Structure formats: C-alpha cells, structure tokens
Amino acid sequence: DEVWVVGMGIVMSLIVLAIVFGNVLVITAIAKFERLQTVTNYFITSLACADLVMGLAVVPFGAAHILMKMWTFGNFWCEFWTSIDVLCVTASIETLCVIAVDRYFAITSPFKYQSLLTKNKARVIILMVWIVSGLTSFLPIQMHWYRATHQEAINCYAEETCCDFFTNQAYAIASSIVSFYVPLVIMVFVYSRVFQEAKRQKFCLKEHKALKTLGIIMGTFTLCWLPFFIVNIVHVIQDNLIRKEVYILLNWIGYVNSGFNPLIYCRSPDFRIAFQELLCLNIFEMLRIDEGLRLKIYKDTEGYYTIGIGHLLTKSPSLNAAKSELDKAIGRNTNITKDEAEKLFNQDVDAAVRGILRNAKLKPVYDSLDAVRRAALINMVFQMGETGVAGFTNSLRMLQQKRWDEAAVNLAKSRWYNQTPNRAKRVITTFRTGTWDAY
C-alpha cells in the first residue's frame, strides 16, 4: 500500500498547491488593477482568503493526518486546526450571501449591477463577518462545548495522538444549522430573486453573465458541502451507519471546493485579462444584445457601411459616402466613441417607435401589445423599417388577435427568419411567451 501512500501524497500536494496558487492569483489581481476595485470584488477577495487559509492551515495537516493514519502535532494544534477549519467554512457561506444580498439591493437600483455600499463600508462588513464567524466557530471549540462524553471520545481527548472530532449531537446539529443551513437558505432565496429581477428588467448581457458566474460560485459551493452536512445531521438523528472512510471522503469534497473559485472566475472576461497579464501572457438592452456594438465602420450582413449598434450609415458602396454622414450625425469629423455610439442608438430607437406610430398598419398592433412584445415589434422595425414590418399583415394581425402560437409559425417562414435566424428566433420566441426567456 506504499504505492497508495506516495500516490495520494502527490495528489493531495497538488490539491494544496492548486488552492494556494489560484487563490493568491485572485487576491493579487484584485489588489493590482483599479478596474477591479468593486465591492463585489472585495467580498471575493475575502472569500479567497478563506480558501487560502484552507490550503495553508487546514488541508495540509488533514492530508498528513490521513496518510500517517495518526495525528502528529500534539493536542493544542488539534483544537486549533479544527477551529480554523470551521472558521473558514462558516465565513465563506456567510460571505457568499452577503454577496447575494448586496447583489439584490443593486438590481433594484438605478444602475443595475452597481452596489449601494462604500468601499470602506464593504471593508467593515467583511471585518465583522470574520469577527462573528470567528466567535461562533472558535468559542464553541476552545470552550469544549462540542465535546462528547462516551469513553471512546474521552480517551481520544486525552491522547495527543488521536485528533478525531467527536461531538455531542447538540453541537453537531446546532452549529450545522446556524453556520451552514441558515445562511445557505437565506442565500438561495435572496439570490433567486436577484436572477428573477435581472430578466424582469436570459444571460446574454455582460453583467448578466457575471451574475450567473456569482451563481456558479454559490452553486458549486453548496454542492460540495451539502453531502457532508446532510449525512451528518442524519448520522446523529439516526444512529451511525456512516463509516469514517466515507465521512472524511465527503469532507474532502468540501476541501477541494477551495480550488474551484479561481477556475470559475475565468468566466468573466475582466478576470481573464487580469490573470493573463499576471502570468506573462428593456427594449434598449434587447437590441444591444443582438445588434452588437462596434466603434468603427463595418460591413453588415447585407454589405452596408454600418456602425455602432446597427446604424445604417448609408447604402452606397463608397466609404466616402459612409463617413459623409457618419460625421454629419456625431457633430465632429469622426473619420466614434462608445458614448457616441450610445446616443446614436437612443436616437435611432425613438425614430423606430415614432415610425411605428405614424404607420396606420402597425400602430393598432403596437397599441394592443404588452411591454415585452412591443419591444419585440420595435426590434423588427429597427432591423428593417416600418415599411417592411407592414409586410406580413398576416402575422401583424395574428399578434393583434393575441394568437401568439399562430403568429410564431408564420414569422419563421419569412426570409427574415433565415437570413438572420439566430436573432429572428429570439424575437419570435418572446412574441410567443411574453417574457424575456431568450434574451
């Protein structure tokens, strides 16, 4: 079995390194770049510190404990080793939901995705999260509240060679609830409305994709620790069928989660550019999703000189004629900024909404639609013009008649649905459902 010993040594040692390596990579990136100084990043920084202290002060000694099949560091470190262990786990689950609540108050604020907290206010919150979860994790252990009274524990408590965590089931459940389930339940509830409010006002916008990353951070965390925490309240409510080979194995599922977050953060483009440098390497929203933004002059799907969020600068092939009116609209001679591309969009959209109301074939249709399917109509008038949207009266009156499923089968036969099918299907599917499920 000496093959098993050395082979597990390399895996555990690899695990310990991946934790320390990736988490320090996060702490460094948020500390370097000013672009990354956000309140959410400050919570992620402390979240990384929890995983970092895991990889330094916890996972190693637990790796040494297993392959040596015995505890080596005396009794004092034993009480401390498991207090730091609980301190890290409780601080993460609390911090993960101080994010979910901070994300909630933000999506109900003028700038969705903008935290309402001061950078120094966010610091204090993190300071108390560690100050509180430290009290509720060290005091019960340093004061012996966890301890059991069966001789098998009283002996292990006496020998400085045994460091198994025998606990009276009062501790085992009480601490399991206050420090895991209670924050976990709040988190899953609070952040769920966050996701809902995000589409009411899927997962295509940049900061929307960021919230699904915050979700995946929470998600993998619960999935890695819930088996450990589930089969330990049953293990006390029903007498033990949980053999110790399994309890420490499900706990190591919780240990490796500390290496997961740096990987997950590579879903944000903002974090990858930081990592790569560190290693020497709503109607308006709906249309930005499927029109894209480009700050120069480019050829579109039909070959015309467009710019920004799908603004046709001209139909002529001469780029001289494209610039000719590109600078006629900005104000200067642009020969445009992201802010210039923005106010040309807000002025092109209103032109398409008045262009809907000055059409007697579209206005009665646009009048009877909800907020969402109106936006679906304006997306067609934007991409085409009111003259072409007056085309399929068949579909135009099917929408008015509130025969959504019928109107959705006719629209998918238009030439529109096969020259830009991926975008067409998104406008037709929101016609069908009245929701934003596709955007």
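Start at 1 and count along the sequence shown; that's the residue number.
Unmodelled residues of the deposited sequence between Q201 and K202: 10 or more. The entry shows a gap from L281 to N282, with 10 or more unmodelled residues of the deposited sequence in between. Averaged over CA atoms, B-factors in the entry run higher in 343-351 than in the other of 152-160 and 343-351. With 268-276 and 364-372 compared on mean CA B-factor from the PDB entry, the stretch scoring higher is 364-372.
When the C-alpha B-factors of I242, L263, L96, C224 are ranked from the entry, the top spot goes to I242. Within the listed group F392, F33, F61, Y42, the record reports its top CA B-factor for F392.
Ranked within its chain, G22 lands in the lowest third, by CA B factor from the PDB record. In the PDB entry, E325 places in the highest third of its chain by CA B-factor. Per the PDB record, residue ranking by Cα B-factor puts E207 in the lowest third of the chain. In this PDB entry, the Cα temperature factor of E302 sits in the top third of its chain's modelled residues, the highest group. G331 sits in the highest third of its chain by CA B factor, as recorded in the PDB entry.
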